[PDB]
Every structure is written in C-alpha cells, then in structure tokens.
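Each of two forms of one protein chain follows alone as structure tokens, named structure 1 and structure 2.
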Structure 1
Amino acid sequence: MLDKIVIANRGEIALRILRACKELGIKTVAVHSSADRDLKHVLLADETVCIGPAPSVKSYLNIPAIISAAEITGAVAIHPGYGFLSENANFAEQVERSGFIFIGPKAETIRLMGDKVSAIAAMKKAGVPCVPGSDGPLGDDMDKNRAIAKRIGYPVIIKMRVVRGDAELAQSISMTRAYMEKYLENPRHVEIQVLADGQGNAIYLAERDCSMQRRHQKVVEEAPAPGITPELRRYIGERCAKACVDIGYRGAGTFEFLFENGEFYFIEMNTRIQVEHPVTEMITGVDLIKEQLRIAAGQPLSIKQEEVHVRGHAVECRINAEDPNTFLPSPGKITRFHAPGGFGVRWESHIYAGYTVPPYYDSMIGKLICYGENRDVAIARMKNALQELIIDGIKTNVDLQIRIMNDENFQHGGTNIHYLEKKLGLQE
C-alpha cells in the first residue's frame, strides 16, 4: 500500500477519494486553490497545501505547483480525479518522470486515446465496433458509391445531408460538395466500465446508460442499461476487455458507445474515473476507487470476471447549482441543507450548510444515488429522496430531476439521447 497520496482535485470527487484513502489507511494531502480553503475534504485531510489562487489555470491546472506539493509532503502518488489534468499526458509523464506514481494509465495510453484518429484505428485493430462509413472520401462513380451505401445500411449521412434510399443519393451528394457515414437517428448512450492491472489482466463491470443529456452533458445515469441482455453484455464487455490488453491499459477506464438496434458504435474512451461510477459500485459491489489505488500500488487485479455479478438496479441524479429555467450557474451561500437518508440511498457531496459555492468552477455540487432490487424500486426511492433534500440559498436543478423521475417515458425506460432536450424544448 501507498503510504500517502496527493488528491489533485476538488469538490465531490475529492471527498470520494479521501474516504477511499482513509479506509485503506493511506495518508492524504489535499491541494487547494485559495478559494477552496473551506472544502469539506480539505477539512478532513491529513495535510493540505494551497497551490494557488482561485482560477484553475492558476491552481488546479498548475502542474509545477502540484508536483511540488507532492515532493514537499513526501507523497508517493497523485490521484487526478476526473476533469482537470486527469486526461493530460504531459501531466502524467511529468508525474512519473518526477518520481511519483500517477493514479491512471500511462501517458502514452492517454495520448493514444486522446487522439480521435489513433483511437478508432486502435479500436478497429482491437476488434471494437466503430461507426461504419465510406472508408475514405467518395467520387463520381455513383454506380460505385451506391454500392457502399448499401453495405453501410440506410440511413446514411453524407458529410451534412442525410439519405434514406438510392433515389436521393445523387442530388444529395451533388448539393453536398456545394465522406459517407452510417446514420444513427435514435441512439442510446451506453458505456462500459473496465479495470485493467497493466499486468495483463482486465475485466469489465457491466454497463451504464447515460442517455439523459443536455448540451451533451449527462444529467441522469443508470446501471445496468435497460434492454441489454447478458449475451450482449458479454459480447461487448469481452471486446472492451480485450482492447485493454491490446493497448496495455492500466487502471479504470470507460468505453462509450452509441447503441442502436442491438448494435454498439464506439464513440470514445475515457481514460480515467467518471462522475457516474457510483451506479456501477451499487450493482456490482466493487469499490472502484479502491481498485484504482490497489492497481497503483502494483497489485494485481483482485477480481475475476466470473466473480463480477450484477444485482439490482441503481439510478443517479446529478445535483447542480444552476437556474433550472436559464441554466445559468447559481453560485452562492447555502443557507439551509438537509441530506436525504434511508435504505438504498447514497449521497455523494461536499456541500454543507453555510458553505459557499464559488463561481470559478463547475456547477455540480452533489450526486444522489438510489438502489433497489429493480428499476421501479430504485426510481421510487429516488423520488422520495429528492423530496427530502433541502438546499436553500441558491438555485438548483432538483425540480427538474424530480420531473424526470416522474416522466412516463423515463419510467418505461429506453429514452434516447435526444429526449431530454426535446422534453425541455431545447431543440430550437
């Protein structure tokens, strides 16, 4: 076990990491911006270091400042959390080069997956399903061209016009010039959790559905994904796990796919922990942060795939300080706060009564996660929980969350990536 580590992050995720550390007896060092002196985790850490002024560029994105805090404290490793420098290669490189342990994949691995090109290339070489297309630009031979569209399967997209049958091809292409790709009108956002030890072992931890989005930002997450069967689960899961090995992946990562008509289409890989990891912990019982830490300590993968069992259902609602009708950040002082409690209710947040939400950072202030033996139960608990939560002083999206829980479509399951914006009338 790692003796002591630096938590290069803030807010919710910093507190989540802190608890994992404490459970394993790892000392913690909280680096913070002058404006986060009062963060809950800061108050609970073994040591603290002010790394700069408020602005992330000056604090949280200040590499030298974080490396230094590692060095002066005698820390052995650094945990980037999510966001910030978690997917910054330079950072990782430096960390190691500086003699520290980066709690994530290798910098090479990040570069690899960081670039969309190298990424799909690797995924195809790996056997992971990517979006089908022309495989290079198209020409004049519409006798030819139409042959590939057939192969692709309408509807197709010329890139950007959409075509559905032979007929509209010609003009479509012609008025376009003025590549081809398979078109996914109503897909779901399905992503797979993986863990690899760098030592050749890799397992997948089922999937999560994150279709409820606004501006390409996940608002509600759930696991497992409704409609996904074991075979489908196994097919994709195995493939993701194989890819890990192929690319020499180390740590926790997520393969995100678009899902439609029983098929998956690789979008990207997050080479780090995600916001929504808790839903997976609930249905599998695996603590993902602890595994991260173990893998970092050079330990082999403790879990065997056949040991990974999905039970029950879990839902996550992100709680943000923002005006629910403008969607404008809503920084401020929380005057009154009451967290929900009970069987199957998990609350992940650094906020407390009298805490002031700075304006400098992102608007997510907490995550509420409910688990049940089934989806209906999970949902029912969520509703209750949302009603117990109190957060006064600022505007939040609690009411919206409650409206989603109350949506028939949501309750039935299977809504697509467009539903939310559409339900809100964000299509205009």
Structure 2
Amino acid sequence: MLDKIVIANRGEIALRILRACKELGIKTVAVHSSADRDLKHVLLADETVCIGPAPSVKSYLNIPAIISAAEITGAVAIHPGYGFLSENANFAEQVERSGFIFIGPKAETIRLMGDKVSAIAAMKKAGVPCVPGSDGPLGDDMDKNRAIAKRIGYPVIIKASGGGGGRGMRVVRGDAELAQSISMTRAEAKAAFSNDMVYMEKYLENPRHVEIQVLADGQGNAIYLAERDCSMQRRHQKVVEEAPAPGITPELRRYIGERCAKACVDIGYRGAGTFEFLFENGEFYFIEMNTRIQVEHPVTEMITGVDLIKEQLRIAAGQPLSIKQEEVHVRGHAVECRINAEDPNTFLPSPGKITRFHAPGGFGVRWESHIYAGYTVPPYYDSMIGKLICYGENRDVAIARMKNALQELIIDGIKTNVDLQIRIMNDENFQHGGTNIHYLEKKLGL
C-alpha cells in the first residue's frame, strides 16, 4: 500500500479521498489554499501544507507548489480528485517525471481522452459505438464541409476537439448556417483552449446522458460497474445523477459495458474512468471519456458495493482489482442530489458563513460534505458544497428517501438549491424516469 499521499484537491472530494486513505492506512497530506485552512479534511489530515493564496491559479492549479508539497512531506503519490488538474496531462507527466505516482491513467491516456477527435477514433476502432460524424477534424474547404454535412444528414453539431462537457459547440440545421457555425466554434475553441480543431457529429435532438463506470488495474483486468443517468442539467452542469439508468435492461448494460471494458484493454487504460454516451431511441453513442474519478461516483458505489476511491489507490499501489466482472451485480437504486451554495433566482454562487447546519441520517442515506456549522463557504471555488445520496431496493424507495433526507437537511446563513432539489424529486416526469438532457432548463423556463 502507498505509504503517504498528497490530496491535491479541496472540499467534499478531498474529504472523500481522506476517508478512503484512512481506511487503507495511508498517511494523508492535505495541501490547501490560505482560504481553506479550516476545511474538514485539512483538520483531519495527518500533515498539512499551505500551497498558496486563495485564487486557484496560485494554489490548486499551482503545479510547482503541489509537487514541492509532495517532496517536502516524503509523499509517494498525488490524488488530483476531480476538476483542477485531474485531466491535465502535463501535470500527470510532471508528477511522474518528478518521481511520484499520479493516481490516474498514464499521461498519454489522459492526453488521448482530452483530444475528442482522437478519442472517438480510438473508441470506434475498439468497437465502441460512436455518433455518426466526420471521423476527423474539419478543414477550411466549405465544399468538403457541406459534403460531410450531407453525408451525415442535417441536423449536425460542430464540436471543439479540445473541448467537452457541453462546452464549445453549435447546432447546424442547414447549409446557410454551416460556415459561420464552424467559424464561431473554431474561434471560441482557440480563445479557450489555444486549439482551434473542430469536428462534426449527427445532432441528436433529445438524448439522455448515460455514462459507464470502468476500473482497470495494471494486471490487465478491466471491468464495468454499470451506468449512471446524468441528464438532469443546468447550463451543462449536472444537478441530479442516478444509478442504474431507468429503462436500461441487463442486456443493454452487458452489451455496452463489455465494449467499454474491451476498449480499456485495447488502449491500455489504468484506474477509474467514465465513458459518456448519448442515449436515444434505445441506442448508445460515445461522445467523450473522463479519466478522473467524478463527482457522481457515489451512486455507482451504492448499487455495486465497490468503493471506487479505494480501488484507485489499490490500483496505484500495484494491487489487482478487488472484484471480478462476474462478482459485480447491480442491486437496488441510488439517486444523488448536488447541494450548491447558489441564489435561487440568479443561479450565481452564494458564498458566506453557515450559521446552523444539520445533516440528514437514516437507512440508505449518505451525506458527502465538508461543511459544518460556523464554516464559511469561500467565494473563490465551485458552488457545490455537498452531495446527498440516497439508496433504496428500487428507484421509488431511493426517491422517497431523498425527499425525506432533503427535508431534514438544514443549511442556514447561505442560500442553497435544497428547495429546487425537492421540486425535482416531486416532478412527475422525473418520478416516471428517463427525462432527457434538456428537461430541467425547459421545466424552469416554463
């Protein structure tokens, strides 16, 4: 087992990683900004290193400072969590070059998945179903670009190869808007990623977001741990996630899961990963792969019993996966509601001091958060302050427990989305299940 690790993150996920480390007897190093001295995981960590001032550029994105922290404490590995540097291939490369273990895949694999065009090409080669598309970058020849759109058939969507997560894209419904749509996507990608490469896909009107969780070790084992539906979104940010995805049969699960696991073997994947699919009319279409552990990982843990963070750490130490595919079984159902410190009318972050706090409890209730009474949510970071995860023997029980748990949850002193989450739980289309990626913004606009 890894002797000591740097937790290169903050808030709920840093606490999540800390708990996993403690369970495995791994010593913890909490690197934190000057604004995060009183984070719960920092207070619980074996060692702490302040790596810079509040702004993320000088702290949680500060590569030299994070690596120096690992050096000075005699740590052997770095867990990047999600966000920040978790998908930064240059960071992973530096970590390994500096002699530390990066908890994640090889840097080359991170780089591959950050290149949406080359990632699609690899998955298609591996036998994973992808969206009908350009199968390559679009050039400057508008005759060729029109020809690609015709072959695919309108409507189409232009996407940035350096983008992802709903960022950097526009829908084209005919020839008249094609040139400008390509030009604008190119410009925005250049400004945001210094990478103007763009590609084209068939536009799917009302798909669901269904993603497959994988784990792969260094012994050549690769498994899939069912799927999650993450369709409930505002401005491409997930609000509610659940596992398994409603309407997905064991046959479909097996079909798509086996292809994801096979792809992992082909590409030499290692660690946790997520294959994102658009799912429409009974068909899966690969769009992107995330290499990090994700925000929504706990719903998968609830239905499989697999502790995914502990698996990441076991994998990094050189241990094989603790479970085989034939030992992975979907049981029950889990729902996650993201708790955000946000204004209900503007949806802008609403930081400040929590005055009263009470977490829900009970059978099937899981609370993932660093927050406590008297804790100040800083303005410098993401609005998500907690995750409420409820499990039941079926979806209806999971939702019932979520409703009860949300009513027990007290967070005073700051504005939160608890009331919105309650509304969603009570929404008759959500209760039916299988709402598409556009549902929430439509519901709120009505």
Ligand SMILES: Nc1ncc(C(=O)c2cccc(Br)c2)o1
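All residue numbers here refer to structure 1's sequence, counted from 1. The term rigid core refers to the most C-alpha atoms you can superpose between the two forms while keeping them within 1.5 Å.
Name the structure that matches the description of the form solved in complex with the ligand. It is structure 2; that copy is the form solved in complex with the ligand.
Treating the chain as rigid parts that move against each other between structures 1 and 2, which of 302, 172, 185, 403 sits at a hinge? Checking the domain motion between structures 1 and 2, the hinge sits at 185.
Rounded to the nearest whole degree, what rotation separates the positions of the smaller rigid part between structures 1 and 2? 47 degrees is the angle the smaller part turns through.
Core-aligned, what does the C-alpha of residue 324 shift between structures 1 and 2, expressed in angstrom? Value for residue 324 between structures 1 and 2: 1.4 Å of C-alpha shift.
Rigid core superposed: how many angstrom does the CA of residue 139 shift between structures 1 and 2? Its C-alpha moves by 14.1 Å once the cores are overlaid.
Angstrom displacement of the CA atom of residue 380 between structures 1 and 2, core fixed: The alpha-carbon displacement, core-superposed, is 0.3 Å.
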